[PDB]
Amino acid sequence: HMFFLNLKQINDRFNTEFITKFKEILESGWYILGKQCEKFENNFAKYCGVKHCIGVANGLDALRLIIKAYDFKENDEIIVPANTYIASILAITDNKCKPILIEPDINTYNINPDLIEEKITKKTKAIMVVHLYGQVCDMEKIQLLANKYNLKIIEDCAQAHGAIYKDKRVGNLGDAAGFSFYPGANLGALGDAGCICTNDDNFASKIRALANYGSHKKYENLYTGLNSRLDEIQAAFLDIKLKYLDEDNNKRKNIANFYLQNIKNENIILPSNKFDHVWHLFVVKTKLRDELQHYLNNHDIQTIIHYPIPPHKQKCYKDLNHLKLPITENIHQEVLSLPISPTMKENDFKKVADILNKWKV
């Protein structure tokens, strides 16, 4: 079977250095908040063009912490795309803020900036942008609304490592940014991992303390914090792979281009890349989505849906189930992700295209 995402193929490239670094860490006797974390932070901050990177435990923790650090009041509002992955929302509700869900543009799969302002109220305190599937969101009007209404901009960068907008990288487009380095991310760890990026010295220092039980200095707790740290081992593996991240994204770009140039099937709506797209996911759209996934599985092609139930329709968010979000709803009914990975072989991506072209429904 062709895997959706063959992480062994992706990581095998680095095994020798993974084992060297692991042995270096064993020799150091230091496994938490050490030289590897510092090195990776400094390199990832450089990569994103930001002053400060704080290694944390995962992408949801990254968001949760950013919101926490802003000390919003219970029920304050955070504008967010309605079609993002549920963890973007969980971060908001975990802080007892209210998610205000906005429809995406069908031609980007990202928040439609034109639909935000109408939803801003006295309680709105932040906009969470999500660079979904790999494509950076059009920030122009979002930044204008943030300045106009005194809103924080929070970036969810879990799916768009390295994507660029004008002169900047995702991670440097708002006030603070959360990354996942979950193993399937464009920069993936060998375990759970994440980070927070910002230019604000004071916010950075708060965040560090907050992710370390609320302790800035040994023995002392300035805040009621969490334990959300990036392990030395994972920092070291990330730093190894970071050197190849733009290359790996360019290998995705190549595959996505092959798909775009070769899949010709009237039942399939292909993704476009209006702005920079690092192609974490290659998302097609069809009225016969389940049929297509079954067909592809018959042809030994593994696929995953991102995503078939939207946050507002989840059982955990019963109070949202009534919201009318037909664009988001229709997307969740229609999308399927095609295998794409930096290391994916030409014969595999050729086969995917050929089998999709043969789909006659």
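Residue numbers here begin at 1 and follow the sequence given.
For the pair 304-312 and 29-37, the record assigns the higher mean C-alpha temperature factor to 29-37. Comparing 155-163 with 132-140, the higher mean C-alpha B-factor in the PDB entry belongs to 132-140. Per the PDB entry, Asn267 shows the highest C-alpha temperature factor of the residues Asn267, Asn250, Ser180, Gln261. Across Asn110, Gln234, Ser88, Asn147, the greatest Cα temperature factor reported in the deposited entry is at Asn147. Annotation for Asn83: C-alpha temperature factor in the lowest third relative to the rest of the modelled chain, per the entry. Compared with the other modelled residues of the chain, the Cα B-factor recorded for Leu242 ranks in the lowest third. The entry lists a Cα temperature factor for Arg169 that places it in the lowest third of the chain's modelled residues. Among all modelled residues in its chain, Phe203 ranks in the highest third by Cα B-factor.
Among the modelled residues of the chain, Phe282 sits in the lowest third by CA temperature factor in this PDB entry.
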